Amino acid sequence: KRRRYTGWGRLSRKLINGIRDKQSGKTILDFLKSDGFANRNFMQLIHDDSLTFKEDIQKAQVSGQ
DNA sequence: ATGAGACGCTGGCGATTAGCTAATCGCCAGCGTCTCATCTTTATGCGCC
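Residues numbered from 1 in each chain as written, not as in the entry; some residues may be left out. Chains lettered and ligands numbered in written order. Part of a larger assembly, values for the part shown. Heavy atoms only, no water. Residues with missing side-chain atoms left out of burial classes, pairs and counts.

Under the annotation held in the PDB entry, chain A carries the name CRISPR-associated endonuclease Cas9/Csn1 and is attributed to Streptococcus pyogenes serotype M1.

Take a look at the structure:
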């Protein structure tokens with residue numbers, strides 16, 4: 001309790017270990033921790049039609065509100 | 001069977017009498033702090049469809 005922290009990150013918890021992938025069944029943290037032959041980076045994970053992430057982030061909000 | 005109709009110094013002074021914006025420039029402008037947290041964003045540094 002004597003120790004106190006300040007600051008906040010940039011990403012949610014549901015994004016790291018909440019949202020799972022349809023084809024895999026593992027989260028983003030797992031893909032970064034292990035992806036086998038091609039240890040693809042964050043931008044390759046998100047911008048991949050082979051995974052579901054690009055599809056599920058697009059449900060975001062509405063810019064034309 | 002008679003008794004109306006026909007009307008001035010003013011203009012050019014002084015001298016009261018009364019009254020008003022405008023052009024020029026200068027001055028001089030509330031300000032002092034701290035705490036606390038909060039978020040951003042930037043400089044540099046690392047990845048190929």
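1. Concerning the overall build of chain A
A count of helical and extended segments in chain A gives four helices and zero strands. Judged by the C-alpha coordinates and their principal axes, chain A covers about 45 × 40 × 20 Å. Contacts spanning at least 24 positions in sequence make up 31% of the contacts within chain A whose residues lie at least 6 apart. (Helix = DSSP H or I, 4+ residues; strand = E, 2+ residues; numbered from the N terminus. Contact = heavy atoms within 4.5 Å.)

2. Focus: the side chain of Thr27
Mapped onto the elements, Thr27 comes out in the loop between helix 1 (13–17) and helix 2 (28–33). Within the structure, the side chain of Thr27 is placed 2.3 Å from the side chain of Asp30, a separation counted as a polar contact. Apart from the residues lying within four places of it in its own chain, the contact partners of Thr27 are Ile16, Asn17, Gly18, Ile19 and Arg20. (Polar contact = N/O pair within 3.5 Å; in protein donor to acceptor, adjacent residues only side chain to side chain.)

3. As for the packing of aromatic side chains
Consider the rings of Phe31 and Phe53, whose centres lie 6.2 Å apart with planes at 85°: the pair is edge-to-face. Here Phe53 lies in helix 4 (residues 53–57) and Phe31 lies in helix 2, a separation of 22 residues in the sequence. (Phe/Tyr/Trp six-rings, centres within 6.5 Å; stacked < 30°, edge-to-face > 60°.)

4. Side note on the environment of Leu45
Structurally, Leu45 can be placed in helix 3 (residues 42–46). On a C-alpha basis, the gap between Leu45 and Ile16 in space is 12 Å, while along the polypeptide they are 29 residues apart. Residues in contact with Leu45, not counting those within four places in the same chain, are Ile28, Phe31, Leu32, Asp35, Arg40, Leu51 and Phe53.

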